[PDB]
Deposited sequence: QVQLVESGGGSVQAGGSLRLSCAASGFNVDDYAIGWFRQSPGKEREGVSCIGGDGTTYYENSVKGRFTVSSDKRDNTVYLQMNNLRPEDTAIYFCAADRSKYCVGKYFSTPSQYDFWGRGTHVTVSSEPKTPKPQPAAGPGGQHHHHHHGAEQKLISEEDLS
């Protein structure tokens, strides 16, 4: 059974940092795309199975997505946090682990999704 459980919330209200942890229970997190989608759903980040990393232009100098094989959890080390960033962040799985720049922002690219957690900035 493929399940994605996410966590992390709040912020320093003028701008701060967080590490949203998306735990991949029941499957391996290094085999799927685990791209983060903020609310319709916008794919601001994606972390490939070889570790290749893509961003949007709003988040390019700010966000730092990462992966850890040991707890099977993809982390989103956020930084320099704008008030536009507040949303529901969805870590979504895809069979193609490697991200492509035309389609890492598309929610139709990503098959299995998560519950979603809220950041308030």
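Chemist: Can you list the gaps, in order, where the deposited sequence has no modelled residues?
Modeler: Coordinates drop out over 40-43, 126-162.
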